[PDB]
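A short write-up of the structure that comes next.
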Amino acid sequence: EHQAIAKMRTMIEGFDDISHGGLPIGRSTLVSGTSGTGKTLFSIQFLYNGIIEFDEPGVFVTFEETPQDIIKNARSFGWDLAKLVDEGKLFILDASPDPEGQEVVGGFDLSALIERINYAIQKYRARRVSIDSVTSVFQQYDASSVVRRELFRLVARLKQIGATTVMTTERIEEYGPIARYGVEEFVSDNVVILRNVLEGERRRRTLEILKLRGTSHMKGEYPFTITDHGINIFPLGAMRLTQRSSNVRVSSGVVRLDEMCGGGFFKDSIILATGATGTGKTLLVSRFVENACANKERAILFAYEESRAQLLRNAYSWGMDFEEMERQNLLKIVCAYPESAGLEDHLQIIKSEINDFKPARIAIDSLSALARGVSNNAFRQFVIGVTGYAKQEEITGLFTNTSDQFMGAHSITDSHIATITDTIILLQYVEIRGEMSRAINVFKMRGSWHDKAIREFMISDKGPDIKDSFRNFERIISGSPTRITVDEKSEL
Amino acid sequence: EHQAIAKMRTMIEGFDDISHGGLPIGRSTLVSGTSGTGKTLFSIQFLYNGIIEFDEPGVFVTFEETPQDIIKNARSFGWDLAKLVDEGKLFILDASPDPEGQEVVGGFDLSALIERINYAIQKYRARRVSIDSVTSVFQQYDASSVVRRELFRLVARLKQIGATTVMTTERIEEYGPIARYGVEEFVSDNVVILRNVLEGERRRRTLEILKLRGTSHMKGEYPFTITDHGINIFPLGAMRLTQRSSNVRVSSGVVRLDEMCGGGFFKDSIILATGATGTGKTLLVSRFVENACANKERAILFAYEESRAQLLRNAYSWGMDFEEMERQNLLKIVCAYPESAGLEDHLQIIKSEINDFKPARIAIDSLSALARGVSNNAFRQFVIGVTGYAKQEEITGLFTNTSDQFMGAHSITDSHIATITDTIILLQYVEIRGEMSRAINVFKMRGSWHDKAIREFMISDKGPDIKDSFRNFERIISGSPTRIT
Ligand SMILES: Nc1ncnc2c1ncn2[C@@H]1O[C@H](COP(=O)(O)OP(=O)(O)OP(=O)(O)O)[C@@H](O)[C@H]1O
Ligand SMILES: Nc1ncnc2c1ncn2[C@@H]1O[C@H](COP(=O)(O)OP(=O)(O)OP(=O)(O)O)[C@@H](O)[C@H]1O
Ligand SMILES: Nc1ncnc2c1ncn2[C@@H]1O[C@H](COP(=O)(O)OP(=O)(O)OP(=O)(O)O)[C@@H](O)[C@H]1O
Ligand SMILES: Nc1ncnc2c1ncn2[C@@H]1O[C@H](COP(=O)(O)OP(=O)(O)OP(=O)(O)O)[C@@H](O)[C@H]1O
Ligand SMILES: [Mg+2]
Ligand SMILES: [Mg+2]
Ligand SMILES: [Mg+2]
Ligand SMILES: [Mg+2]
Ligand SMILES: [Mg+2]
Ligand SMILES: [Mg+2]
Ligand SMILES: [Mg+2]
Ligand SMILES: [Mg+2]
């Protein structure tokens with residue numbers, strides 16, 4: 001064809017983007033990675049989605065796992081390949097060794113095997129092929145040279161059969177060689193790499209595309225997650241910056257704060273709250289998530305610091321009954337330690353909840369939690385992720401941070417995430433006469449006017465009470481202020 | 001001959017400059033690189049370009065990728081190699097293995113195949129040749145020593161045929177051996193290394209001319225981007241310091257500000273709008289992007305922070321409409337996440353849009369939005385990338401930056417780029433009586449005068465209202481002044 005290479009939609013969440021459309025039609029795609037990296041899950045989903053959505057039959061070749069196991073584990077994702085097999089949509093070409101034994105199985109092996117597949121493809125009238133672990137075929141007594149030629153013998157004949165193919169290969173080191181004999185990376189056109197990089201004691205999983213001949217594809221690692229719906233990727237680096245924005249306002253929970261923002265927050269606008277531990281991030285989150293229920297709008301509350309109980313105790317002591325917010329089915333609390341998963345994990349989880357319950361507000365208390373460990377970048381990416389989604393979804397997200405140091409916060413981010421957020425509220429203690437009192441400012445609003453006053457405030461059983469600035473002080477921001485004025489009242 | 005080495009032009013964007021002209025004529029060039037770097041593309045473009053600019057024909061000996069494919073993959077770029085092998089200007093030499101089975105045909109090996117290519121050349125009167133994946137030939141059963149002979153046998157056989165050659169090799173370790181059997185390196189007159197380095201879950205293609213027997217060449221790695229129009233290379237080191245400069249002037253969009261700078265900004269200048277988060281860098285941004293329309297000049301506005309829809313929101317709330325602008329084709333908008341491309345890449349996109357919309361003013365709201373998880377160096381390289389081009393291009397660019405700390409920041413830029421820009425505008429807060437009030441202040445201008453004081457300014461529907469300074473104060477810079485009665 002005088003037309004450039006066309007791809008085949010895989011239907012695997014994210015892959016299509018990274019792959020700018022899917023797997024190059026008519027060609028074989030090498031998909032290597034270490035153990036437990038989802039290589040087989042990759043090929044099964046490929047063949048599968050193609051049957052469920054494009055009614056494209058698929059042939060599955062396996063050189064190790066007995067068909068029975070394959071169908072079994074499929075049930076992990078609620079997949080009854082078993083059926084698609086019985087309706088002729090799926091056909092597993094068992095090519096695994098017998099627990100008995102026969103010598104010299106490399107001569108007729110491939111060639112005879114090729115024709116077998118040819119028969120399979122041709123017979124069931126298929127469009128998708130997955131050959132699981134070609135690596136386990138030359139693992140009899142061969143070396144680099146023999147390997148090379150053999151793949152080319154298979155990638156090519158298959159190519160003559162014109163079927164979109166997926167081959168799986170194993171790896172020994174994580175960032176070491178691409179495949180085993182360091183020879184497939186070439187004899188193949190398209191080489192996808194699924195990693196399970198260590199780092200720390202958490203394992204994060206990326207998926208890359210070293211190359212698709214003739215076409216384009218996002219370059220680099222993008223994390224993905226294996227779940228009850230298979231592989232899920234997150235094209236973090238692909239998400240378009242075209243999110244909608246309204247001029248609509250909503251409330252923060254405390255009306256006086258609703259004034260200092262020029263009439264509330266904007267439905268479409270990420271909101272952060274900073275302060276050293278104790279100022280009151282939570283109190284603001286509390287009244288925030290609450291405010292959203294009194295209007296009949298659902299709002300999830302992900303906490304990573306406090307428990308579900310304690311999150312309902314201290315809450316009560318400020319009035320407001322979460323308990324009721326839950327019953328009416330207008331509030332939802334998640335709670336989960338940060339060391340319970342990697343950022344790639346929470347992001348999906350949060351994204352997940354947002355899909356079932358479809359909140360009207362979002363309140364993640366403590367970006368500072370998730371920031372634990374995880375290198376500054378990895379986290380930064382998380383942030384966009386959350387923010388960028390919640391934004392292009394029209395939800396009001398209040399976030400929380402906690403300055404690494406009380407009094408003297410020379411940086412309202414302590415990780416420089418400022419710029420990602422739209423509204424900024426700042427809490428700070430203030431040493432006023434041997435007494436640490438609260439202060440509260442609306443640092444910046446992107447669409448409104450907001451108040452430029454560094455108002456003090458007190459916390460009681462009602463909640464926050466935004467009073468009057470400290471006009472008669474120098475070095476307020478310094479946390480330890482200074483009294484001014486040198487004239488009282490006397491005669492003329 | 002009695003004179004210097006005559007090079008041949010590759011026409012490969014930027015390469016002629018890194019090689020100082022092109023490939024040493026009649027001499028082969030070994031271009032290696034791991035899988036997915038473009039080695040094929042490099043050599044296919046080489047032959048190709050020779051066909052559409054010089055009419056110098058080409059022989060593409062292909063050992064592993066099938067002729068038909070070689071032709072198909074080139075359509076990705078808009079290249080009709082099918083048409084060129086018809087017009088007999090390019091010839092693809094099918095030197096691949098049999099998809100079936102045969103072992104006793106290549107017993108004349110190296111020699112036989114050379115006789116072929118030498119025939120074809122004399123038949124199409126070709127001038128350039130590329131052998132794609134020669135390593136794949138030996139990949140039958142050879143030792144480092146068997147290669148050095150076979151290769152030196154070919155290379156030479158092709159030197160004698162006064163043919164200017166480009167052989168392709170493949171690597172396995174990015175910064176390790178140049179080729180597979182660490183032998184080709186010394187067997188070829190010229191060495192080109194293609195690297196797809198990772199480092200930080202991100203890839204970056206860098207090209208390098210290791211050596212060129214004969215003449216000089218640029219030294220080291222240069223970044224490159226594989227795109228519809230093939231290999232594109234930016235020799236940020238080959239860009240001299242020769243930009244036309246003038247005293248003409250332009251407005252900042254804020255009349256006051258124009259006076260503060262001694263009557264508007266200079267046309268041929270890079271202005272920087274540093275400041276804390278919120279100080280209003282994006283306020284001035286829109287401003288300077290609008291005055292370019294009231295004067296019927298095209299102005300592009302590259303965004304990397306706020307949406308295009310949101311921009312068009314806060315725009316309207318400061319007065320001045322952005323909708324109109326675009327319609328009249330006097331204001332183009334961009335938008336993209338800094339993580340949505342690599343620096344090497346972001347750079348090119350700019351150049352791209354510019355060439356297409358011939359702006360007169362460029363706005364890059366937050367260079368500090370790009371520095372994201374990038375190497376201080378890499379990034380400095382990205383500023384000079386833009387800055388320079390916009391200079392030589394006589395464009396007037398406005399760049400936004402946000403310091404990693406409000407009030408007290410002990411530098412204009414935490415990445416130290418100031419000494420790159422000509423005019424630095426500077427926003428910072430100042431705590432006046434339990435309050436947060438803004439304060440603009442031109443910090444420096446290389447050709448003009450510009451006021452020296454820090455005037456407080458307020459923002460409102462109509463815009464930036466630069467007022468008067470904090471005379472009766474002290475340490476207004478320390479963000480928390482001391483009113484001295
Ligand atoms: N429903 C599921 N939910 C969460 N994780 C799952 C689920 N099913 C499988 N996994 C995880 O996925 C992995 C299975 O990997 P998979 O079988 O897809 O391919 P592989 O390990 O790359 O290659 P191979 O098939 O040779 O083992 C397991 O390590 C397991 O932790
Ligand atoms: N019922 C109450 N009455 C008066 N003060 C209260 C009451 N509950 C909490 N406080 C005060 O509020 C602060 C608790 O902080 P809060 O619950 O708002 O979360 P935070 O400041 O955001 O985060 P963290 O406490 O984890 O640092 C304490 O410093 C305490 O003095
Ligand atoms: N039109 C295109 N647009 C964007 N990227 C492309 C396009 N065509 C190819 N590419 C990219 O360029 C790479 C092509 O490299 P190429 O196939 O030319 O040679 P190689 O990687 O050096 O050697 P080989 O692929 O033969 O093993 C692919 O990995 C792909 O990411
Ligand atoms: N219509 C308006 N009326 C009054 N004040 C406004 C208005 N719009 C914005 N502001 C003020 O301007 C600031 C907003 O900053 P702006 O939109 O100019 O971009 P920035 O300061 O350059 O960058 P960033 O938003 O990333 O911090 C807020 O801090 C706010 O006080
Ligand atoms: Mg396995
Ligand atoms: Mg497997
Ligand atoms: Mg290769
Ligand atoms: Mg807390
Ligand atoms: Mg190649
Ligand atoms: Mg030497
Ligand atoms: Mg900002
Ligand atoms: Mg901004």
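Every chain in the structure tokens takes a letter, A first, then B, and so on in the order presented; its residues are numbered from 1, and the ligands are numbered from 1 following the presented order.
Near chain A, counting only C-alpha atoms at 6 Å, the chain B residues are residues 36, 73, 75, 76, 99, 139, 140, 201, 202, 203, 278, 307, 308, 309, 310, 314, 335, 336, 339, 340, 373, 405, 433, 434, 435, 436 and 480 of chain B.
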Within 10 Å of ligand 11, which residues of chain B come that close, and what is the closest atom pair and distance in Å for each? Count only C-alpha atoms and all ligand atoms and give it as CSV.
residue,atom,partner,partner_atom_place_in_ligand_line,distance
B:274,CA,ligand 11,1 (Mg),9.7
B:275,CA,ligand 11,1 (Mg),7.9
B:276,CA,ligand 11,1 (Mg),6.5
B:277,CA,ligand 11,1 (Mg),3.5
B:278,CA,ligand 11,1 (Mg),4.6
B:279,CA,ligand 11,1 (Mg),7.2
B:280,CA,ligand 11,1 (Mg),7.3
B:281,CA,ligand 11,1 (Mg),7.1
B:282,CA,ligand 11,1 (Mg),7.7
B:305,CA,ligand 11,1 (Mg),8.7
B:306,CA,ligand 11,1 (Mg),9.9
B:365,CA,ligand 11,1 (Mg),9.5
B:366,CA,ligand 11,1 (Mg),8.1
B:368,CA,ligand 11,1 (Mg),9.4
B:369,CA,ligand 11,1 (Mg),9.4
B:400,CA,ligand 11,1 (Mg),9.0
B:401,CA,ligand 11,1 (Mg),8.1
B:402,CA,ligand 11,1 (Mg),6.1
B:403,CA,ligand 11,1 (Mg),8.9
Using N, CA and C atoms, can you export the residues from the last selection as a PDB file, in the first residue's frame?
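In the end it all went to out31.pdb:
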ATOM      1  N   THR B 274      10.502  37.266  36.245  1.00  0.00           N
ATOM      2  CA  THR B 274      10.621  36.407  37.431  1.00  0.00           C
ATOM      3  C   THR B 274       9.641  36.842  38.493  1.00  0.00           C
ATOM      4  N   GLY B 275       9.543  36.053  39.552  1.00  0.00           N
ATOM      5  CA  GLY B 275       8.651  36.402  40.636  1.00  0.00           C
ATOM      6  C   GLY B 275       8.101  35.233  41.426  1.00  0.00           C
ATOM      7  N   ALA B 276       7.544  35.549  42.581  1.00  0.00           N
ATOM      8  CA  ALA B 276       6.950  34.525  43.421  1.00  0.00           C
ATOM      9  C   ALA B 276       5.702  34.007  42.731  1.00  0.00           C
ATOM     10  N   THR B 277       5.142  32.953  43.305  1.00  0.00           N
ATOM     11  CA  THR B 277       3.950  32.321  42.767  1.00  0.00           C
ATOM     12  C   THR B 277       2.735  33.208  42.964  1.00  0.00           C
ATOM     13  N   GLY B 278       2.267  33.835  41.892  1.00  0.00           N
ATOM     14  CA  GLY B 278       1.113  34.709  42.025  1.00  0.00           C
ATOM     15  C   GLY B 278       1.416  36.197  41.845  1.00  0.00           C
ATOM     16  N   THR B 279       2.686  36.558  42.002  1.00  0.00           N
ATOM     17  CA  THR B 279       3.094  37.942  41.828  1.00  0.00           C
ATOM     18  C   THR B 279       2.482  38.552  40.559  1.00  0.00           C
ATOM     19  N   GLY B 280       1.998  37.712  39.649  1.00  0.00           N
ATOM     20  CA  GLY B 280       1.376  38.214  38.442  1.00  0.00           C
ATOM     21  C   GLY B 280       2.176  38.118  37.157  1.00  0.00           C
ATOM     22  N   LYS B 281       3.084  37.144  37.050  1.00  0.00           N
ATOM     23  CA  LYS B 281       3.880  36.973  35.816  1.00  0.00           C
ATOM     24  C   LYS B 281       2.976  36.732  34.608  1.00  0.00           C
ATOM     25  N   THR B 282       1.883  36.000  34.819  1.00  0.00           N
ATOM     26  CA  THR B 282       0.967  35.679  33.735  1.00  0.00           C
ATOM     27  C   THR B 282       0.076  36.862  33.442  1.00  0.00           C
ATOM     28  N   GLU B 305       1.416  25.758  31.777  1.00  0.00           N
ATOM     29  CA  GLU B 305       0.844  25.735  33.127  1.00  0.00           C
ATOM     30  C   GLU B 305      -0.687  25.776  33.220  1.00  0.00           C
ATOM     31  N   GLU B 306      -1.278  26.804  32.635  1.00  0.00           N
ATOM     32  CA  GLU B 306      -2.727  26.942  32.662  1.00  0.00           C
ATOM     33  C   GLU B 306      -3.272  26.419  31.355  1.00  0.00           C
ATOM     34  N   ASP B 365       5.231  31.527  28.946  1.00  0.00           N
ATOM     35  CA  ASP B 365       4.810  31.583  30.345  1.00  0.00           C
ATOM     36  C   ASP B 365       5.361  30.410  31.198  1.00  0.00           C
ATOM     37  N   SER B 366       6.409  30.743  31.938  1.00  0.00           N
ATOM     38  CA  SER B 366       7.087  29.847  32.839  1.00  0.00           C
ATOM     39  C   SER B 366       8.106  28.909  32.193  1.00  0.00           C
ATOM     40  N   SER B 368      10.222  28.152  33.959  1.00  0.00           N
ATOM     41  CA  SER B 368      10.272  27.512  35.253  1.00  0.00           C
ATOM     42  C   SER B 368       9.228  26.431  35.329  1.00  0.00           C
ATOM     43  N   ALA B 369       8.541  26.200  34.221  1.00  0.00           N
ATOM     44  CA  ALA B 369       7.530  25.151  34.160  1.00  0.00           C
ATOM     45  C   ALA B 369       8.151  24.004  33.376  1.00  0.00           C
ATOM     46  N   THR B 400       8.593  33.865  31.465  1.00  0.00           N
ATOM     47  CA  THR B 400       8.150  33.829  32.850  1.00  0.00           C
ATOM     48  C   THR B 400       8.952  32.889  33.732  1.00  0.00           C
ATOM     49  N   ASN B 401       9.184  33.265  34.977  1.00  0.00           N
ATOM     50  CA  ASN B 401       9.919  32.392  35.868  1.00  0.00           C
ATOM     51  C   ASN B 401       9.345  32.602  37.253  1.00  0.00           C
ATOM     52  N   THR B 402       9.410  31.552  38.065  1.00  0.00           N
ATOM     53  CA  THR B 402       8.865  31.561  39.422  1.00  0.00           C
ATOM     54  C   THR B 402       9.878  31.053  40.448  1.00  0.00           C
ATOM     55  N   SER B 403      10.343  31.917  41.346  1.00  0.00           N
ATOM     56  CA  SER B 403      11.346  31.499  42.318  1.00  0.00           C
ATOM     57  C   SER B 403      10.802  30.514  43.320  1.00  0.00           C
TER      58      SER B 403
END
task: Would you list, as a PyMOL selection string, the residues of region 369-427 of chain A that end up in strand (DSSP E) under DSSP run on this structure's backbone?
output: chain A and resi 396-400+423-427
Store the residues of this selection in a file with C-alpha atoms, as a PDB file, in the first residue's frame.
ATOM      1  CA  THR A 396     -13.217  20.895  43.218  1.00  0.00           C
ATOM      2  CA  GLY A 397     -10.061  19.623  44.790  1.00  0.00           C
ATOM      3  CA  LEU A 398      -8.666  20.959  48.029  1.00  0.00           C
ATOM      4  CA  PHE A 399      -5.205  19.747  48.824  1.00  0.00           C
ATOM      5  CA  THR A 400      -3.144  19.803  51.939  1.00  0.00           C
ATOM      6  CA  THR A 423      -5.934  28.765  44.616  1.00  0.00           C
ATOM      7  CA  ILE A 424      -3.647  29.084  47.638  1.00  0.00           C
ATOM      8  CA  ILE A 425      -4.612  29.308  51.316  1.00  0.00           C
ATOM      9  CA  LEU A 426      -1.817  29.790  53.889  1.00  0.00           C
ATOM     10  CA  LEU A 427      -1.922  28.984  57.626  1.00  0.00           C
TER      11      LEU A 427
END
As a quick test: using only C-alpha atoms and all ligand atoms, which residues lie no more than 12 Å away from ligand 6? Give them as a PyMOL selection string.
chain A and resi 31-44+61-66+69-70+130-136+167-171
For the residues in that selection, give me C-alpha atoms as a compact mmCIF listing (two decimals), in the first residue's frame.
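Dumped everything to selection.txt:
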# COMPACT_ATOMS: atom_id res chain seq x y z
CA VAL A 31 7.12 -7.85 24.37
CA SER A 32 9.93 -8.74 26.75
CA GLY A 33 10.43 -8.12 30.45
CA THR A 34 11.57 -9.92 33.58
CA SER A 35 9.51 -12.44 35.52
CA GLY A 36 6.21 -11.44 37.04
CA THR A 37 6.01 -8.44 34.65
CA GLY A 38 2.71 -9.26 32.93
CA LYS A 39 4.16 -10.45 29.61
CA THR A 40 1.57 -13.17 29.28
CA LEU A 41 -1.16 -11.01 30.65
CA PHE A 42 -0.12 -8.58 27.93
CA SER A 43 -0.66 -11.06 25.12
CA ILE A 44 -3.85 -12.49 26.52
CA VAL A 61 0.58 -20.30 21.11
CA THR A 62 2.18 -21.43 24.38
CA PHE A 63 5.49 -23.13 24.93
CA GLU A 64 5.16 -23.57 28.72
CA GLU A 65 1.89 -23.05 30.65
CA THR A 66 -0.65 -25.78 29.98
CA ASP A 69 -3.66 -22.92 33.67
CA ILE A 70 -3.94 -20.12 31.09
CA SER A 130 0.21 -14.32 20.66
CA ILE A 131 3.15 -16.61 20.98
CA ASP A 132 3.96 -16.99 24.62
CA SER A 133 7.62 -17.36 25.46
CA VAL A 134 9.48 -18.03 22.24
CA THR A 135 12.39 -17.74 24.66
CA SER A 136 11.53 -21.15 26.03
CA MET A 167 5.60 -12.52 20.92
CA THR A 168 6.70 -12.68 24.58
CA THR A 169 10.26 -12.92 25.77
CA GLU A 170 11.88 -13.07 29.19
CA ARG A 171 14.71 -10.95 30.69
### Task
Please write out the residues within 7 Å of ligand 9 as a PyMOL selection string, counting only C-alpha atoms and all ligand atoms.
chain B and resi 39-40+132-133+168
Write out as a PyMOL selection string the set of residues from region 152-345 of chain A that DSSP, computed on the backbone, places in alpha helix (DSSP H).
chain A and resi 152-161+184-187+255-259+281-291+310-316+322-327+343-345
Write the residues you've just listed into a file as a PDB file, in the first residue's frame, and include C-alpha atoms for each of them.
ATOM      1  CA  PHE A 152      13.726 -14.096  11.637  1.00  0.00           C
ATOM      2  CA  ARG A 153      12.483 -17.413  10.301  1.00  0.00           C
ATOM      3  CA  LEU A 154       9.406 -17.043  12.477  1.00  0.00           C
ATOM      4  CA  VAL A 155       8.779 -13.311  12.535  1.00  0.00           C
ATOM      5  CA  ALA A 156       8.927 -13.424   8.713  1.00  0.00           C
ATOM      6  CA  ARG A 157       6.866 -16.513   7.758  1.00  0.00           C
ATOM      7  CA  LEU A 158       4.282 -15.177  10.173  1.00  0.00           C
ATOM      8  CA  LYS A 159       4.583 -11.848   8.377  1.00  0.00           C
ATOM      9  CA  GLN A 160       3.803 -13.719   5.128  1.00  0.00           C
ATOM     10  CA  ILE A 161       0.681 -14.975   6.897  1.00  0.00           C
ATOM     11  CA  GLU A 184      15.636 -10.175  19.176  1.00  0.00           C
ATOM     12  CA  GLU A 185      15.741  -6.384  19.672  1.00  0.00           C
ATOM     13  CA  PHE A 186      16.637  -6.309  16.004  1.00  0.00           C
ATOM     14  CA  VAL A 187      15.189  -9.347  14.224  1.00  0.00           C
ATOM     15  CA  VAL A 255     -17.955  31.982  54.836  1.00  0.00           C
ATOM     16  CA  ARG A 256     -15.417  34.550  56.018  1.00  0.00           C
ATOM     17  CA  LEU A 257     -12.906  32.597  53.916  1.00  0.00           C
ATOM     18  CA  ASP A 258     -15.541  32.775  51.209  1.00  0.00           C
ATOM     19  CA  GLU A 259     -15.030  36.531  51.252  1.00  0.00           C
ATOM     20  CA  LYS A 281      -5.140  21.983  57.206  1.00  0.00           C
ATOM     21  CA  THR A 282      -7.627  19.299  58.345  1.00  0.00           C
ATOM     22  CA  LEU A 283     -10.086  21.803  59.770  1.00  0.00           C
ATOM     23  CA  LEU A 284     -10.273  23.420  56.349  1.00  0.00           C
ATOM     24  CA  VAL A 285     -10.594  20.026  54.618  1.00  0.00           C
ATOM     25  CA  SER A 286     -13.260  19.071  57.164  1.00  0.00           C
ATOM     26  CA  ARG A 287     -15.520  22.070  56.602  1.00  0.00           C
ATOM     27  CA  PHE A 288     -14.702  21.828  52.881  1.00  0.00           C
ATOM     28  CA  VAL A 289     -15.909  18.257  52.350  1.00  0.00           C
ATOM     29  CA  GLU A 290     -18.823  19.053  54.617  1.00  0.00           C
ATOM     30  CA  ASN A 291     -19.909  22.136  52.758  1.00  0.00           C
ATOM     31  CA  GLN A 310     -10.193   9.644  64.588  1.00  0.00           C
ATOM     32  CA  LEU A 311     -11.167  11.326  61.304  1.00  0.00           C
ATOM     33  CA  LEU A 312     -14.719  11.148  62.604  1.00  0.00           C
ATOM     34  CA  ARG A 313     -13.896  12.086  66.198  1.00  0.00           C
ATOM     35  CA  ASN A 314     -11.970  15.370  65.944  1.00  0.00           C
ATOM     36  CA  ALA A 315     -14.456  16.159  63.160  1.00  0.00           C
ATOM     37  CA  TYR A 316     -17.359  15.899  65.525  1.00  0.00           C
ATOM     38  CA  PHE A 322     -19.503  13.026  58.916  1.00  0.00           C
ATOM     39  CA  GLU A 323     -21.456  10.007  60.163  1.00  0.00           C
ATOM     40  CA  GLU A 324     -24.530  11.574  58.565  1.00  0.00           C
ATOM     41  CA  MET A 325     -22.601  12.693  55.515  1.00  0.00           C
ATOM     42  CA  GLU A 326     -21.847   9.006  54.959  1.00  0.00           C
ATOM     43  CA  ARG A 327     -25.359   7.626  55.550  1.00  0.00           C
ATOM     44  CA  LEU A 343       2.245   6.688  43.902  1.00  0.00           C
ATOM     45  CA  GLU A 344       1.418   4.967  40.614  1.00  0.00           C
ATOM     46  CA  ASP A 345      -0.886   2.870  42.805  1.00  0.00           C
TER      47      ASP A 345
END
Notebook entry, point to check: Any idea what's packed within 9 Å of residue 322 (chain B), counting only C-alpha atoms, ignoring anything in its chain fewer than 4 positions away? Could you give it as a ChimeraX atom specification?
Noted result: /B:286,290,311-312,315-316,326-327,331
At a cut-off of 10 Å, using only C-alpha atoms, what residues contact residue 359 (chain B)? Leave out same-chain residues fewer than 6 positions from it and give the result as a PyMOL selection string. chain B and resi 292+297-301+330-332+353+390+393+395-397
Counting only C-alpha atoms and all ligand atoms, which protein, DNA or RNA residues come within 8 Å of ligand 2, given as an NGL selection string?
-> :A and (275-284 or 305-306 or 314-315 or 317-318 or 365 or 400 or 402 or 458-461 or 463)
Selection export as a compact mmCIF listing (two decimals), in the first residue's frame, atoms kept: N, CA and C atoms:
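selection-v1.txt, freshly written:
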# COMPACT_ATOMS: atom_id res chain seq x y z
N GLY A 275 0.68 24.97 55.73
CA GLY A 275 0.92 25.38 57.09
C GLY A 275 1.77 24.32 57.75
N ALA A 276 2.47 24.68 58.83
CA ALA A 276 3.29 23.72 59.54
C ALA A 276 2.27 22.96 60.36
N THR A 277 2.61 21.73 60.73
CA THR A 277 1.71 20.86 61.50
C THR A 277 0.95 21.53 62.64
N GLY A 278 -0.37 21.36 62.62
CA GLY A 278 -1.21 21.92 63.65
C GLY A 278 -2.01 23.15 63.27
N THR A 279 -1.52 23.93 62.32
CA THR A 279 -2.23 25.14 61.91
C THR A 279 -3.70 24.83 61.72
N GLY A 280 -4.01 23.85 60.87
CA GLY A 280 -5.40 23.49 60.67
C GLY A 280 -5.77 23.01 59.29
N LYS A 281 -4.82 22.45 58.54
CA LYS A 281 -5.14 21.98 57.21
C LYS A 281 -6.44 21.19 57.27
N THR A 282 -6.47 20.18 58.14
CA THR A 282 -7.63 19.30 58.34
C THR A 282 -8.94 20.01 58.61
N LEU A 283 -8.89 21.05 59.43
CA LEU A 283 -10.09 21.80 59.77
C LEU A 283 -10.70 22.40 58.50
N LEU A 284 -9.83 22.85 57.61
CA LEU A 284 -10.27 23.42 56.35
C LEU A 284 -10.82 22.33 55.43
N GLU A 305 -3.23 10.37 56.80
CA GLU A 305 -2.63 10.68 58.08
C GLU A 305 -3.46 10.12 59.20
N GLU A 306 -4.70 10.57 59.28
CA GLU A 306 -5.62 10.12 60.31
C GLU A 306 -6.41 8.88 59.94
N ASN A 314 -12.37 13.96 65.95
CA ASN A 314 -11.97 15.37 65.94
C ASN A 314 -12.93 16.18 65.08
N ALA A 315 -13.52 15.52 64.09
CA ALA A 315 -14.46 16.16 63.16
C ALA A 315 -15.69 16.58 63.91
N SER A 317 -15.96 17.10 67.12
CA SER A 317 -15.59 18.16 68.06
C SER A 317 -15.51 19.55 67.43
N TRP A 318 -15.85 19.64 66.16
CA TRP A 318 -15.86 20.92 65.46
C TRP A 318 -17.29 21.06 64.98
N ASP A 365 -6.14 15.05 52.05
CA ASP A 365 -5.39 15.65 53.14
C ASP A 365 -3.98 15.10 53.15
N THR A 400 -3.77 19.44 50.70
CA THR A 400 -3.14 19.80 51.94
C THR A 400 -1.65 19.51 52.00
N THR A 402 2.05 20.33 54.55
CA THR A 402 2.44 20.69 55.88
C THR A 402 3.92 21.00 55.92
N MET A 458 -9.07 31.76 65.33
CA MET A 458 -9.07 30.86 66.46
C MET A 458 -9.93 29.67 66.11
N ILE A 459 -9.64 28.55 66.76
CA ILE A 459 -10.37 27.31 66.53
C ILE A 459 -11.11 26.96 67.82
N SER A 460 -12.39 26.64 67.68
CA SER A 460 -13.25 26.29 68.81
C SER A 460 -14.16 25.11 68.45
N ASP A 461 -15.33 25.04 69.08
CA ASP A 461 -16.27 23.96 68.81
C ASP A 461 -17.16 24.28 67.61
N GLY A 463 -15.73 25.90 64.84
CA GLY A 463 -14.85 25.73 63.71
C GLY A 463 -13.89 26.89 63.69
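The two atoms in question, CA of residue 2 (chain B) and CA of residue 210 (chain B), are spaced 25.8 Å apart.
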| request: Please identify every polymer residue within 9 Å of ligand 10, using only C-alpha atoms and all ligand atoms, and present the set as a ChimeraX atom specification. | output: /B:185-187,189,213
Between atom 5 (N, counted along the ligand's line) of ligand 1 and CA of residue 75 (chain A) lies a distance of 11.8 Å
Ranking B:255, B:71, B:233, B:151 by minimum distance to residue 181 (chain B) and counting only C-alpha atoms, which one comes first?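 Nearest candidate to residue 181 (chain B) out of B:255, B:71, B:233, B:151: B:151.
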